[PDB]
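Peer 1: Here you go, one structure.
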Amino acid sequence: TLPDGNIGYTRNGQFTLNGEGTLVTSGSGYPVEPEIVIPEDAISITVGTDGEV
Amino acid sequence: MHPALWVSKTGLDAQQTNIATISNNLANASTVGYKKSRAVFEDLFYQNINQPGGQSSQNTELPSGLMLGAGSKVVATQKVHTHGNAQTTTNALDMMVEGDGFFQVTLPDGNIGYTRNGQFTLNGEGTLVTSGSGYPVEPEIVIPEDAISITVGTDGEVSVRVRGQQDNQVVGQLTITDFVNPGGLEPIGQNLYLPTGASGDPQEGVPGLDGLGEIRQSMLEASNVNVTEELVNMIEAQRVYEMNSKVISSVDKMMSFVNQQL
Amino acid sequence: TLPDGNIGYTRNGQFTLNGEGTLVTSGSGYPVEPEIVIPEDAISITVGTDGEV
Amino acid sequence: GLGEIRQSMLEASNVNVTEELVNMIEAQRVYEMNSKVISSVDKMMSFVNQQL
Amino acid sequence: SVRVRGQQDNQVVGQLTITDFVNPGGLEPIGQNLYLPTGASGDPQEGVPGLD
Amino acid sequence: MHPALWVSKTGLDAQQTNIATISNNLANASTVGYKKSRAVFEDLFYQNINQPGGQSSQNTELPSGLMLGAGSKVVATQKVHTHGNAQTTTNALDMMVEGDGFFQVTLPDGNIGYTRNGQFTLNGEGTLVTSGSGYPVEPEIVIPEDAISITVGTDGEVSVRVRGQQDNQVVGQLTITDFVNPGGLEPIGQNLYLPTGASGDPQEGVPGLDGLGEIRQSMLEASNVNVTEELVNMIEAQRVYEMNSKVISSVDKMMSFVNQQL
Amino acid sequence: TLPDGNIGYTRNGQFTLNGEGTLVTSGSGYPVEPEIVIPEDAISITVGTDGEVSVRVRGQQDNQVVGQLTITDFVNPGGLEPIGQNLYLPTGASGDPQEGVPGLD
Amino acid sequence: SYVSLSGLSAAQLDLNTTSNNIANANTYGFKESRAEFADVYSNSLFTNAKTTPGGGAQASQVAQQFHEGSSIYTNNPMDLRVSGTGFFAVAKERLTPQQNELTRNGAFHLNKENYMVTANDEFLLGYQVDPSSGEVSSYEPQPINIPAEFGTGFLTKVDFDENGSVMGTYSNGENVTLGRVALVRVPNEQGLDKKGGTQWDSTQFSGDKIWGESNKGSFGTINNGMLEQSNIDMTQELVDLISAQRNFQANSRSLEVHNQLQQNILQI
Amino acid sequence: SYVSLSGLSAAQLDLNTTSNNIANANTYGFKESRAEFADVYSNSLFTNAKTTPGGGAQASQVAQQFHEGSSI
């Protein structure tokens with residue numbers, strides 16, 4: 001999600017989490033669409049081949 | 001003077017920051033409770049000479065265009081907050097957080113600093129302080145002078161043994177703090193972190209419950225750096241560094257050639 | 001196929017795809033005769049020695 | 001026809017340092033080749049101005 | 001056509017047309033890199049450039 | 001700019017393709033059921049300046065014609081589908097094919113992928129799946145919850161022994177697939193293959209009958225890589241790599257000399 | 001056998017199998033003259049010095065002869081025209097192709 | 001160099017997996033781990049398909065080989081071992097026994113409350129059987145209590161039969177069945193996620209916990225006076241250590257070769 | 001190295017079988033075991049065999065020799 005509202009496309013996969021737990025990029029911290037909010041109760045994160053997290 | 005000179009300058013600068021980050025990880029290969037860092041590379045803006053997708057004519061559009069990049073830079077130094085291995089020690093005052101959590105200490109200015117290092121000790125008054133600058137641990141844990149031994153429970157309940165009296169006398173309760181994004185903490189040195197906007201609001205609670213780790217007495221958490229990966233990463237970063245110097249060296253020769261000829 | 005309609009002959013084989021998947025030249029973007037459209041479900045393109053795409 | 005998500009994996013840059021350096025060698029020489037023509041034209045016009 | 005941020009596809013703002021003459025030498029130069037049509041220049045033939 | 005520059009570029013690129021093939025084999029030196037690959041070289045077209053056999057004068061033809069080559073390239077990466085060594089393990093769910101044949105698994109998209117890797121396990125529902133991404137084996141083999149021992153016969157018949165019944169209770173049958181040219185299979189990663197036009201039509205059948213191999217339980221097939229051959233090939237390919245770089249170095253010095261002099 | 005119909009002569013020996021089992025080159029996949037088709041009833045392929053290709057059938061104690069390779073020599077192999085892909089074409093100065101059993105004459 | 005670096009990481013993983021197995025040669029109830037690797041082959045629409053050098057070697061999964069280990073005899077009635085298939089059920093909190101974990105070591109003892117607990121002061125779970133009844137009455141697992149006094153009479157000896165029933169004889173010569181140790185099985189033992197202290201928890205890949213007695217159905221028996229050592233083989237771990245070093249040296253040689261190719265062009 | 005590693009495993013299996021027999025030298029009704037081994041020579045259609053060495057040693061079956069023992 002670009003700040004202006006448009007959708008940016010990246011082959012870079014280095015992602016991380018922000019304070020609210022949304023899966024964002026490791027650069028400027030733009031959120032990754034669709035939103036993937038990691039719950040605070042999670043102990044592991046798995047992303048399937050078909051993209052199911 | 002030349003576009004390639006500035007592009008390669010960014011490449012040289014980017015690899016210098018990457019090599020500096022790797023060299024820092026090698027330096028802190030024995031620092032207890034250290035989290036290694038990795039540099040994240042990204043390309044700079046692109047100069048739009050010809051639009052990749054313009055209208056060269058009716059019913060015909062430019063499939064690709066002429067766009068020149070500006071180089072690269074290191075956008076962030078991301079911390080890898082994965083747990084290091086546990087070291088078994090004989091000291092009765094060094095503790096380790098087995099899982100998520102941070103020890104909290106009191107800074108001289110008044111704010112609370114959060115640390116992963118567990119090498120603690122006592123000061124002249126018996127309050128539990130860090131073995132470095134001596135910052136008191138929050139909440140204060142004062143060991144009475146009548147104690148013959150010190151035991152720290154899994155849930156952080158610090159207890160002492162008083163001679164003659166049966167059962168352990170509880171002197172305090174340690175509380176550890178968890179963050180949603182541990183990589184967003186600002187490193188202030190002395191194995192201490194300060195919360196930032198990206199880190200999130202500190203989540204305090206008793207260790208062992210509500211997702212927090214467990215306090216392991218007489219145990220230390222080593223640094224999570226892998227020296228094998230650091231040496232290989234230095235190998236690759238050095239090669240990219242010398243390749244960007246070749247472009248600068250090549251551009252310098254051309255400008256000298258043009259000065260003599262043109 | 002030139003924009004005016006005539007056919008220009010080129011020895012330059014640097015081709016690419018347009019938005020519709022037609023095999024076009026990598027420069028101005030003139031379609032190649034005969035039209036070679038790559039389906040959106042393809043994962044690899046093999047062009048034969050005898051010109052069979 | 002879409003690709004698959006690979007967790008705990010990253011895609012390195014596809015640049016071939018062998019081609020980049022060799023292309024730099026050829027680009028530098030051809031750049032020097034064109035400077036020779038301009039220098040030759042410059043010397044030719046200097047000769048004409050002095051002679052004609 | 002121009003490129004506008006936030007909208008896919010270049011939008012067309014207009015089209016250029018050029019004028020041809022049978023005898024360009026009959027154009028009357030008026031300076032400023034400009035010419036004017038004359039009786040011997042010919043008939044101004046407008047049209048989409050690249051055609052006819 | 002110079003013909004020897006382009007030819008040496010093809011030589012450099014081919015050796016990089018060869019070394020990348022050898023480096024891939026060395027990386028997968030411990031992969032189960034991995035087939036090593038070798039790079040096949042072939043010369044490119046020859047520029048026809050003087051035609052060999054052309055009638056240079058009557059009753060006489062050019063014995064050797066002036067034909068300049070265009071370099072070389074790796075035309076194919078051939079998979080050496082020779083049987084590997086057998087590893088003996090105490091696991092009852094890892095099988096091996098003694099001879100020609102491939103295990104068939106169900107890909108997420110629905111197609112059937114062929115694997116020589118026999119490291120299998122069970123999921124929560126008791127279906128026999130691969131120990132990797134968990135792709136179920138075709139046909140489905142479900143282990144009942146009352147089973148105390150699992151045995152896979154030579155003919156691939158899967159049977160279990162249930163507490164309270166003499167004689168094994170058959171729960172399924174394994175079928176393996178062979179190909180006329182297994183070297184034409186497409187490597188899709190995760191030790192899986194897919195049939196191609198050059199591979200041929202898949203042919204199923206019971207293991208042991210009609211050329212198909214035999215299923216060996218508690219046994220794994222090691223990679224057929226010979227690191228001794230891989231290491232020597234890298235040294236040879238490195239020497240040929242430096243042979244072509246000297247030609248580029250020679251050509252560059254030639255072009256530099258002409259610019260300075262001519 | 002080249003796609004155009006003619007015969008290309010090669011010193012390369014890296015051969016493989018196509019989908020139909022025909023012995024083909026390991027590069028572009030040209031069939032080898034004469035065609036050598038290995039049936040799917042074979043467990044091992046042995047090629048003799050004299051070029052006799054024989055395969056061994058399961059459940060059969062006898063070699064099944066499935067082909068006979070013939071090689072062509074040229075008086076002046078240096079006169080062949082290199083066409084790439086490790087292939088040669090005969091020319092006027094190369095001489096007439098002389099084909100026979102690989103090991104006689 | 002990424003293919004070379006992938007091989008180094010794959011060889012290093014096999015070192016770390018083997019080293020942990022060697023480290024736990026004496027821990028009771030340990031299950032050795034095996035490193036499994038898979039191939040990488042990545043192709044796009046714009047990449048040649050005939051020439052396909054691999055992407056390296058990816059770690060597939062570190063397994064949790066669950067074969068039975070050898071039994072050490074201590075002649076201690078509170079040392080228990082499951083011979084066959086099944087796990088002990090151990091709860092960290094007495095009040096809440098639903099939050100439990102599976103363990104294989106049976107180094108149990110009685111705390112001040114005379115509850116059969118592990119070395120970590122965690123309560124062992126078992127079934128409740130009446131002193132006069134036979135089989136399990138209520139199948140809900142509860143912590144096993146061995147009262148000091150029953151009747152009165154004071155606890156004298158505790159023994160476990162092959163059915164896992166804990167029987168206590170007291171001063172008055174009264175033999176009482178105090179319950180039986182619960183045994184837990186999962187359809188996929190490979191799917192258990194690893195906690196600390198040789199303890200596992202049921203996951204989605206391991207199926208749902210199956211509660212049963214010992215020597216019943218597909219479960220194994222419970223033997224007292226025994227413990228399980230690690231299921232590792234010292235000679236095999238020490239040889240594998242040998243093979244894993246050679247693959248990290250071969251891969252590092254390939255990384256060195258790729259370096260000297262890049263240094264080669266930088267001098268033209 | 002796999003052929004050599006197979007030889008260690010085959011020799012180690014024989015060693016374990018002998019140790020089990022010695023450990024049960026006193027138990028009543030025990031029947032000794034014998035470890036039997038077999039070769040490994042797999043080849044394919046792409047592997048000229050005249051010049052291919054074997055695959056090592058494979059354990060065939062551990063027997064349960066049932067000959068009558070002495071009486072006490």
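In the structure tokens, chains take the letters A, B, ... in the order shown, each chain's residues start at 1, and ligands count up from 1 in the order shown.
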Which residues come within 6 Å of region 215-221 of chain B, counting only C-alpha atoms, excluding same-chain residues fewer than 3 positions away, as a list in words?

Peer 2: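 Contacts, in chain order: residues 32, 33, 84, 85, 86, 87, 88, 89, 90, 91, 92, 94, 95, 96, 97, 152, 154 and 156 of chain B.
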
Peer 1: Taking only C-alpha atoms into account, produce a table as JSON lines in which each residue of chain D with an atom at most 10 Å from an atom of chain C appears once, together with its shortest atom pair and the distance in Å to one decimal, ordered by chain and rising number.

Peer 2:
{"residue": "D:1", "atom": "CA", "partner": "C:41", "partner_atom": "CA", "distance": 4.6}
{"residue": "D:2", "atom": "CA", "partner": "C:41", "partner_atom": "CA", "distance": 8.0}
{"residue": "D:3", "atom": "CA", "partner": "C:43", "partner_atom": "CA", "distance": 9.1}

Peer 1: Write out, as an mmCIF file, in the first residue's frame, the residues just selected, with C-alpha atoms.

Peer 2:
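Output (part_6.cif):
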data_model
loop_
_atom_site.group_PDB
_atom_site.id
_atom_site.type_symbol
_atom_site.label_atom_id
_atom_site.label_comp_id
_atom_site.auth_asym_id
_atom_site.auth_seq_id
_atom_site.Cartn_x
_atom_site.Cartn_y
_atom_site.Cartn_z
ATOM 1 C CA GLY D 1 0.059 -19.837 -13.980
ATOM 2 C CA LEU D 2 1.075 -17.913 -10.855
ATOM 3 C CA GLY D 3 4.158 -18.527 -8.756
#

Peer 1: Give me, as CSV, each residue of chain H that comes within 8 Å of chain B, together with its shortest interatomic pair and the distance in Å at one decimal, counting only C-alpha atoms, with rows ordered by chain and rising residue number.

Peer 2:
residue,atom,partner,partner_atom,distance
H:5,CA,B:232,CA,7.9
H:262,CA,B:239,CA,7.4
H:263,CA,B:239,CA,7.8
H:266,CA,B:243,CA,7.2

Peer 1: Could you dump the residues just selected with N, CA and C atoms as a short mmCIF file (atom, residue, chain, number, x, y, z; two decimals), in the first residue's frame?

Peer 2:
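To be explicit, this is the file written out as result_23.cif:
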data_model
loop_
_atom_site.label_atom_id
_atom_site.label_comp_id
_atom_site.auth_asym_id
_atom_site.auth_seq_id
_atom_site.Cartn_x
_atom_site.Cartn_y
_atom_site.Cartn_z
N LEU H 5 26.48 -20.94 -1.11
CA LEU H 5 26.10 -20.56 0.24
C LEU H 5 24.95 -21.42 0.76
N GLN H 262 35.19 -13.94 -9.90
CA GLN H 262 34.89 -12.52 -9.83
C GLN H 262 36.15 -11.69 -9.69
N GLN H 263 37.12 -12.16 -8.89
CA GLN H 263 38.40 -11.47 -8.81
C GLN H 263 39.13 -11.51 -10.15
N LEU H 266 37.88 -8.58 -12.40
CA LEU H 266 38.21 -7.28 -11.81
C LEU H 266 39.65 -6.87 -12.07
#

Peer 1: If we count only C-alpha atoms, what is near region 22-36 of chain D at a cut-off of 7 Å, once residues fewer than 5 positions away on the same chain are taken out, given as an MDAnalysis selection string?

Peer 2: chainID B and resid 258 261:262

Peer 1: Let me make sure I understand: if you superpose chain F onto chain B using all C-alpha atoms paired in order, what RMSD in Å results?

Peer 2: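 0.3 Å is the C-alpha RMSD between the two chains.
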
Peer 1: Could you give me, as a Markdown table, a per-residue list for chain G showing, wherever an atom lies at most 12 Å from an atom of chain H, the closest pair of atoms and their distance in Å to one decimal, using only C-alpha atoms and sorting by chain then residue number from low to high?

Peer 2:
| residue | atom | partner | partner_atom | distance |
| --- | --- | --- | --- | --- |
| G:26 | CA | H:50 | CA | 11.0 |
| G:27 | CA | H:50 | CA | 9.4 |
| G:28 | CA | H:50 | CA | 9.9 |
| G:29 | CA | H:50 | CA | 11.6 |

Peer 1: Based on the backbone DSSP call, show me all residues of region 18-169 of chain B assigned strand (DSSP E), as JSON, numbers by chain.

Peer 2: {"B": [37, 38, 39, 40, 41, 42, 43, 46, 47, 48, 67, 68, 69, 72, 73, 74, 75, 76, 77, 78, 79, 86, 87, 88, 95, 96, 97, 98, 102, 103, 104, 105, 106, 112, 113, 114, 115, 120, 121, 122, 128, 129, 130, 147, 148, 149, 150, 151, 152, 157, 158, 159, 160, 161, 162, 169]}

Peer 1: Restrict the calculation to only C-alpha atoms, then for each residue of chain C with any atom at most 12 Å from an atom of chain B give the closest atom pair and their distance in Å to one decimal, rows by chain and rising residue number, as JSON lines.

Peer 2:
{"residue": "C:1", "atom": "CA", "partner": "B:60", "partner_atom": "CA", "distance": 10.4}
{"residue": "C:2", "atom": "CA", "partner": "B:60", "partner_atom": "CA", "distance": 9.6}
{"residue": "C:3", "atom": "CA", "partner": "B:57", "partner_atom": "CA", "distance": 7.2}
{"residue": "C:4", "atom": "CA", "partner": "B:57", "partner_atom": "CA", "distance": 9.9}
{"residue": "C:5", "atom": "CA", "partner": "B:59", "partner_atom": "CA", "distance": 11.5}
{"residue": "C:14", "atom": "CA", "partner": "B:64", "partner_atom": "CA", "distance": 11.6}
{"residue": "C:15", "atom": "CA", "partner": "B:63", "partner_atom": "CA", "distance": 9.6}
{"residue": "C:16", "atom": "CA", "partner": "B:63", "partner_atom": "CA", "distance": 7.1}
{"residue": "C:17", "atom": "CA", "partner": "B:63", "partner_atom": "CA", "distance": 6.5}
{"residue": "C:18", "atom": "CA", "partner": "B:63", "partner_atom": "CA", "distance": 5.1}
{"residue": "C:19", "atom": "CA", "partner": "B:63", "partner_atom": "CA", "distance": 7.6}
{"residue": "C:20", "atom": "CA", "partner": "B:63", "partner_atom": "CA", "distance": 10.3}
{"residue": "C:21", "atom": "CA", "partner": "B:63", "partner_atom": "CA", "distance": 10.2}
{"residue": "C:22", "atom": "CA", "partner": "B:63", "partner_atom": "CA", "distance": 10.1}
{"residue": "C:23", "atom": "CA", "partner": "B:63", "partner_atom": "CA", "distance": 9.9}
{"residue": "C:24", "atom": "CA", "partner": "B:63", "partner_atom": "CA", "distance": 7.7}
{"residue": "C:25", "atom": "CA", "partner": "B:63", "partner_atom": "CA", "distance": 8.0}
{"residue": "C:26", "atom": "CA", "partner": "B:64", "partner_atom": "CA", "distance": 6.5}
{"residue": "C:27", "atom": "CA", "partner": "B:62", "partner_atom": "CA", "distance": 7.1}
{"residue": "C:28", "atom": "CA", "partner": "B:62", "partner_atom": "CA", "distance": 5.6}
{"residue": "C:29", "atom": "CA", "partner": "B:62", "partner_atom": "CA", "distance": 5.3}
{"residue": "C:30", "atom": "CA", "partner": "B:60", "partner_atom": "CA", "distance": 6.8}
{"residue": "C:31", "atom": "CA", "partner": "B:60", "partner_atom": "CA", "distance": 8.3}

Peer 1: Check every residue of chain D for an atom within 8 Å of chain H, counting only C-alpha atoms, and provide those that qualify as number ranges by chain.

Peer 2: D: 17-18, 21

Peer 1: Select all residues from chain G having any atom no more than 8 Å from an atom of chain F (counting only C-alpha atoms, ignoring ligands), output as a PyMOL selection string.

Peer 2: chain G and resi 16-21+26-28+40-43+58+76+78-86+91-94

Peer 1: Would you mind reading off the distance between CA of residue 207 (chain H) and CA of residue 146 (chain F), one decimal, in Å?

Peer 2: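 So the answer is 14.4 Å.
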
Peer 1: Using only C-alpha atoms, which residues sit within 7 Å of region 31-48 of chain E once same-chain residues fewer than 3 positions away are excluded, as a list in words?

Peer 2: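 Listed by chain and then number, they are residues 17, 18, 19, 20, 21, 22, 23, 24, 25, 26, 27, 28 and 51 of chain E.
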
Peer 1: Since we have the selection now, will you write its residues out, keeping N, CA and C atoms, as an mmCIF file, in the first residue's frame?

Peer 2:
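File produced: out.cif:
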data_model
loop_
_atom_site.group_PDB
_atom_site.id
_atom_site.type_symbol
_atom_site.label_atom_id
_atom_site.label_comp_id
_atom_site.auth_asym_id
_atom_site.auth_seq_id
_atom_site.Cartn_x
_atom_site.Cartn_y
_atom_site.Cartn_z
ATOM 1 N N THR E 17 0.150 17.778 -35.999
ATOM 2 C CA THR E 17 0.101 17.625 -37.444
ATOM 3 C C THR E 17 1.136 18.539 -38.079
ATOM 4 N N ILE E 18 1.726 18.069 -39.173
ATOM 5 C CA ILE E 18 2.745 18.822 -39.888
ATOM 6 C C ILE E 18 2.256 19.080 -41.304
ATOM 7 N N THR E 19 2.713 20.190 -41.873
ATOM 8 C CA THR E 19 2.297 20.637 -43.194
ATOM 9 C C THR E 19 3.449 20.459 -44.173
ATOM 10 N N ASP E 20 3.146 19.911 -45.345
ATOM 11 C CA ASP E 20 4.132 19.700 -46.392
ATOM 12 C C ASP E 20 3.789 20.550 -47.607
ATOM 13 N N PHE E 21 4.823 20.943 -48.345
ATOM 14 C CA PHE E 21 4.670 21.726 -49.560
ATOM 15 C C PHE E 21 5.394 21.037 -50.707
ATOM 16 N N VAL E 22 4.850 21.199 -51.915
ATOM 17 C CA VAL E 22 5.471 20.598 -53.092
ATOM 18 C C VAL E 22 6.839 21.216 -53.345
ATOM 19 N N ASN E 23 6.940 22.539 -53.222
ATOM 20 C CA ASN E 23 8.197 23.269 -53.376
ATOM 21 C C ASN E 23 8.502 23.982 -52.067
ATOM 22 N N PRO E 24 9.283 23.365 -51.178
ATOM 23 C CA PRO E 24 9.668 24.058 -49.940
ATOM 24 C C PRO E 24 10.482 25.317 -50.183
ATOM 25 N N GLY E 25 11.254 25.368 -51.271
ATOM 26 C CA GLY E 25 12.069 26.536 -51.556
ATOM 27 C C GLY E 25 11.273 27.789 -51.852
ATOM 28 N N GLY E 26 9.991 27.647 -52.188
ATOM 29 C CA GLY E 26 9.139 28.797 -52.417
ATOM 30 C C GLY E 26 8.607 29.454 -51.168
ATOM 31 N N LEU E 27 8.841 28.851 -50.006
ATOM 32 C CA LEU E 27 8.452 29.472 -48.750
ATOM 33 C C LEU E 27 9.268 30.736 -48.513
ATOM 34 N N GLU E 28 8.601 31.781 -48.029
ATOM 35 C CA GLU E 28 9.258 33.057 -47.793
ATOM 36 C C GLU E 28 9.815 33.080 -46.378
ATOM 37 N N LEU E 51 2.283 9.517 -42.589
ATOM 38 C CA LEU E 51 1.328 8.977 -43.546
ATOM 39 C C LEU E 51 1.338 9.815 -44.817
#

Peer 1: Pick out the chain E residues within 12 Å of chain C. Count only C-alpha atoms. Give them as a VMD selection string.

Peer 2: chain E and resid 8 to 9 48 to 52

Peer 1: To one decimal in Å, tell me the separation between CA of residue 112 (chain B) and CA of residue 126 (chain B).

Peer 2: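 Here the two named atoms are 19.9 Å from each other.
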
Peer 1: What lies within 9 Å of residue 248 (chain B) using only C-alpha atoms, ignoring chain neighbours under 6 positions off, as a PDB file with N, CA, C and O atoms, in the first residue's frame?

Peer 2:
ATOM      1  N   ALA B   4      27.206   7.735 -14.060  1.00  0.00           N
ATOM      2  CA  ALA B   4      27.717   6.500 -13.479  1.00  0.00           C
ATOM      3  C   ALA B   4      28.561   6.762 -12.238  1.00  0.00           C
ATOM      4  O   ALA B   4      28.675   5.888 -11.371  1.00  0.00           O
ATOM      5  N   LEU B   5      29.174   7.943 -12.140  1.00  0.00           N
ATOM      6  CA  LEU B   5      29.963   8.272 -10.957  1.00  0.00           C
ATOM      7  C   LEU B   5      29.080   8.370  -9.718  1.00  0.00           C
ATOM      8  O   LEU B   5      29.446   7.891  -8.639  1.00  0.00           O
ATOM      9  N   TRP B   6      27.908   8.993  -9.855  1.00  0.00           N
ATOM     10  CA  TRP B   6      27.013   9.135  -8.712  1.00  0.00           C
ATOM     11  C   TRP B   6      26.326   7.819  -8.378  1.00  0.00           C
ATOM     12  O   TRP B   6      26.095   7.514  -7.203  1.00  0.00           O
ATOM     13  N   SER B   8      27.535   4.754  -8.834  1.00  0.00           N
ATOM     14  CA  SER B   8      28.500   3.890  -8.167  1.00  0.00           C
ATOM     15  C   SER B   8      28.870   4.414  -6.786  1.00  0.00           C
ATOM     16  O   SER B   8      29.260   3.630  -5.914  1.00  0.00           O
ATOM     17  N   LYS B   9      28.771   5.729  -6.572  1.00  0.00           N
ATOM     18  CA  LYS B   9      28.997   6.282  -5.239  1.00  0.00           C
ATOM     19  C   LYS B   9      27.986   5.732  -4.244  1.00  0.00           C
ATOM     20  O   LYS B   9      28.337   5.380  -3.113  1.00  0.00           O
TER      21      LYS B   9
END

Peer 1: What is the distance between CA of residue 89 (chain H) and CA of residue 64 (chain H), in Å to one decimal?

Peer 2: 18.9 Å

Peer 1: Residue 210 (chain H): which residues within 12 Å, counting only C-alpha atoms, same-chain residues fewer than 4 positions away excluded, as a PyMOL selection string?

Peer 2: (chain F and resi 124+145-146) or (chain H and resi 85-89+102+139+141+182-189+202+206+217-219)

Peer 1: Please produce an output containing N, CA and C atoms for each residue in the selection, written as a tab-separated table (two decimals), in the first residue's frame.

Peer 2:
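Heads up, here's the output in again.tsv:
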chain	number	residue	atom	x	y	z
F	124	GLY	N	-2.23	-35.71	10.29
F	124	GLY	CA	-3.17	-35.94	11.38
F	124	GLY	C	-4.23	-36.96	11.04
F	145	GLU	N	-6.02	-46.06	13.01
F	145	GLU	CA	-5.52	-45.68	14.32
F	145	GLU	C	-5.24	-46.87	15.23
F	146	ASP	N	-5.72	-48.06	14.89
F	146	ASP	CA	-5.50	-49.25	15.71
F	146	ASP	C	-4.26	-50.03	15.29
H	85	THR	N	4.12	-47.82	22.24
H	85	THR	CA	3.57	-46.55	21.77
H	85	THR	C	2.74	-45.92	22.87
H	86	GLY	N	2.98	-44.65	23.14
H	86	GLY	CA	2.25	-43.92	24.16
H	86	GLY	C	3.14	-42.90	24.85
H	87	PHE	N	2.51	-41.88	25.40
H	87	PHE	CA	3.20	-40.81	26.11
H	87	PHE	C	2.59	-40.61	27.49
H	88	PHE	N	3.42	-40.19	28.43
H	88	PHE	CA	2.92	-39.73	29.72
H	88	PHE	C	2.25	-38.37	29.56
H	89	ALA	N	1.23	-38.13	30.37
H	89	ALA	CA	0.53	-36.85	30.38
H	89	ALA	C	0.91	-36.08	31.63
H	102	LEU	N	3.19	-33.76	26.72
H	102	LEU	CA	3.56	-35.16	26.61
H	102	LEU	C	5.06	-35.33	26.84
H	139	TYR	N	-13.28	-40.84	32.50
H	139	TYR	CA	-12.11	-40.81	31.63
H	139	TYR	C	-11.38	-39.47	31.66
H	141	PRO	N	-8.73	-36.94	32.74
H	141	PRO	CA	-7.46	-37.09	33.46
H	141	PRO	C	-7.37	-36.13	34.64
H	182	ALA	N	-2.36	-42.33	32.97
H	182	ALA	CA	-2.94	-42.14	31.65
H	182	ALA	C	-1.85	-42.18	30.58
H	183	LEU	N	-2.19	-42.74	29.43
H	183	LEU	CA	-1.28	-42.82	28.29
H	183	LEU	C	-1.89	-42.12	27.09
H	184	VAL	N	-1.09	-41.27	26.45
H	184	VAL	CA	-1.56	-40.44	25.34
H	184	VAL	C	-0.83	-40.86	24.07
H	185	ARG	N	-1.57	-40.96	22.97
H	185	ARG	CA	-1.00	-41.29	21.68
H	185	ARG	C	-1.51	-40.30	20.65
H	186	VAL	N	-0.70	-40.05	19.62
H	186	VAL	CA	-1.09	-39.17	18.53
H	186	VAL	C	-0.89	-39.91	17.21
H	187	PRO	N	-1.76	-39.70	16.22
H	187	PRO	CA	-1.59	-40.41	14.94
H	187	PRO	C	-0.28	-40.10	14.24
H	188	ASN	N	0.22	-38.88	14.37
H	188	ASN	CA	1.49	-38.47	13.77
H	188	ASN	C	2.39	-37.96	14.89
H	189	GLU	N	3.39	-38.75	15.26
H	189	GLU	CA	4.35	-38.29	16.26
H	189	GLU	C	5.33	-37.28	15.68
H	202	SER	N	0.59	-31.36	21.44
H	202	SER	CA	-0.14	-31.78	20.25
H	202	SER	C	-0.42	-30.58	19.34
H	206	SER	N	-0.13	-33.20	14.15
H	206	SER	CA	0.02	-34.41	14.94
H	206	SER	C	-1.32	-35.05	15.28
H	217	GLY	N	-5.51	-51.68	23.64
H	217	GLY	CA	-5.52	-51.27	22.25
H	217	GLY	C	-4.15	-51.28	21.62
H	218	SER	N	-3.79	-50.20	20.93
H	218	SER	CA	-2.49	-50.09	20.28
H	218	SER	C	-1.42	-49.51	21.19
H	219	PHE	N	-1.74	-49.26	22.45
H	219	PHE	CA	-0.80	-48.65	23.37
H	219	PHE	C	0.18	-49.68	23.92
